Every structure is written in C-alpha cells, then in structure tokens.
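Data block below; observations after.
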Amino acid sequence: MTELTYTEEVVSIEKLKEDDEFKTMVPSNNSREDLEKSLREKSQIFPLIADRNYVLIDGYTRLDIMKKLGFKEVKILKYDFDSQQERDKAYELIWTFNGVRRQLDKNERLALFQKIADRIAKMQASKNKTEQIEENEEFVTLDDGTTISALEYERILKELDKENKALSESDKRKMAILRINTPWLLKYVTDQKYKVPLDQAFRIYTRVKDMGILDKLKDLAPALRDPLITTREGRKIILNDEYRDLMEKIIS
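Note that the sequence shown covers residues 5 to 256 in my numbering.
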C-alpha cells in the first residue's frame, strides 16, 4: 500500500468541498458541544483532513461549528491523493481519526468499523477482478455483488487495526463471523437504537447455532425477535437453559 503524504496549509473556510458519503461515515454522537468549546476557547487545536482537491475527508462537525462561529479560514492537512479515485485512502483516514476516538462508544465505533471494512472489501473486489478453512467457507454478498469470506473480512479488520487499539483479537473475529454468517444479528450491535453488546450478540450466535435454531431465530417476526434480543430479559430466554421450553415456544 502506497504511503500517505500531506502538507499543512490554511485556506478560506468556504474553499472546502463536502462529500456526502464522508459526511455521514461516522455515526452521530454527543461530542458536538465537546469540540464546540475547544474551538470556542482556543480556536483550532487540530487541523481538518482534506484531499488534493480540498474535498473534506474528516472534520464535518468541526467545520460546521467553525462556520457558525464566524471562522473565515481553517487549517487543514491536504493529502496528495484524489479521494474520488482513491476512496480507499479516504476510508483509511476516516478510520484512523475516529476508531480510537473516546467520544464514541464501543457500538458506534464498531458500526464505523464495519462501514469502513465493507468499503475496503469492495475496493479489493474491483481490483482483483479487473487488473480457518471453515471460516473461509462462509461468505456474504454486499449490495454491489462483492462477495467475501469471514476469513478475508477478518484479515481486512486486522489490517485496519493491527495494534489492537480499536478492538481486540477475539472482538475482530467475533465481529467477522457475525458479519458474514449472521448480518441481521450484527445489525443489533450496530443499530444506534439498541447498541446490543457484541460479546453478548456473539453468545447468542453460538448458543442458537448449537440448538440448531439459527434460522428459526433469524426468521422470527420482528415483534418477537427484537425483544428477545435487544433486552436482557429476552437474552435469558435464549441463553439460560432453564427457559428452553419458552424458547422452543417462541420459535414456533
């Protein structure tokens, strides 16, 4: 992978062009007032991240705040690549500057992590097709035709977080297995509405797959599946064995 280079410069605040995808990459959080006073008191401590053509990659909230605070010019890091052609590079920057961020809870960074890894996967299926064994058996098909195994996806995760500063070894493997084998289940961990813990979601996975009822659970009606999963009360029914009879009933 080519090395990323950039230069530090100051530009008119209106010179920055926004990319609606990058604008919505990072899950909404409660950090606005945080970097609102930072910019209020001591102005710009950190520069924003832009590409060669001044397309904003990272710093959409910060830019919005500064626009409203009268700021006329903003310090940036202009990287020497075209985000519209080398998206993969923009994707990496957004992860680098957000995955470790503390203002983001574990579930919001996981949702970002997946959003990133999914992008990188398509970026590699468009190059390879143009220019543990068990884990390599299962595959998922993204909304573009890009298919991939739990193994490849997991290796992609590691590449994005080698020093495990964002997640742990087992967390990346748990997430990878869920992402490929049971996407509908991962969404519960990713959904802002639920923020179901990963490790808890994975316990449900291994559990329901031992009972041979992975598909019954997946095919359950939302009215029944949501409460059974997004609630601690519901998980007991799935996890604690003294509730087998109830579970079998819920299933059908």
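Heads up, the beta-carbon is just placed ideally off N, CA and C, and yes, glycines get one too.
Of the listed residues the options, nearest to residue i (C-alpha basis)
i, options, result
"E13", "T6, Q48 and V212", "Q48"
"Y58", "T100, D68, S87 and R44", "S87"
"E138", "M127, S153, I124 and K126", "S153"
"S16", "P231, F75, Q136 and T186", "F75"
"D23", "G63, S35 and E37", "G63"
"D147", "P187, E252 and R236", "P187"
"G103", "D223, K166 and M215", "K166"
"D219", "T65, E252 and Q89", "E252"
Short Cβ contact (7 Å threshold) for residue i with residue j
i, j, result
"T150", "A180", "no"
"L250", "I241", "yes"
"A115", "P226", "no"
"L171", "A121", "no"
"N33", "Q107", "yes"
"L155", "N132", "no"
"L164", "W99", "yes"
Cβ-based neighbour list, residue i, same chain, cut-off 8 Å, excluding 5 preceding and 5 following
i, result
"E40", "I69"
"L190", "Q118, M179, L182, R183 and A205"
"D203", "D175 and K178"
"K71", "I17"
Whole-Å CB distance - residue i paired with residue j, under 8 Å assumed
i, j, result
"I208", "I255", "That belief does not hold up - the Cβ atoms of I208 and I255 are roughly 13 Å apart, past 8 Å."
"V78", "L97", "Going by Cβ atoms, the distance from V78 to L97 rounds to 17 Å, so no, they are not a contact pair."
"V212", "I184", "Not really, about 16 Å apart at Cβ, beyond 8 Å."
"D92", "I124", "6 Å"
"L73", "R44", "7 Å"
Own chain residues within Cβ distance below 7 Å of residue i, not counting five before or after
i, result
"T234", "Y192, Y198 and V200"
"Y95", "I120, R123 and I124"
Cβ shell of residue i (< 6 Å), same chain only, five flanking positions each side left out
i, result
"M127", "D92"
"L221", "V212"
"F101", "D62"
For the pair the region 73-90 and the region 6-26, tell me if three or more CB-CB distances fall below 8 Å.
yes
Whether or not the region 183-196 and the region 105-121 are in contact is what I'm after, with contact meaning three or more pairs of Cβ atoms, one per stretch, closer than 8 Å; do they touch?
yes
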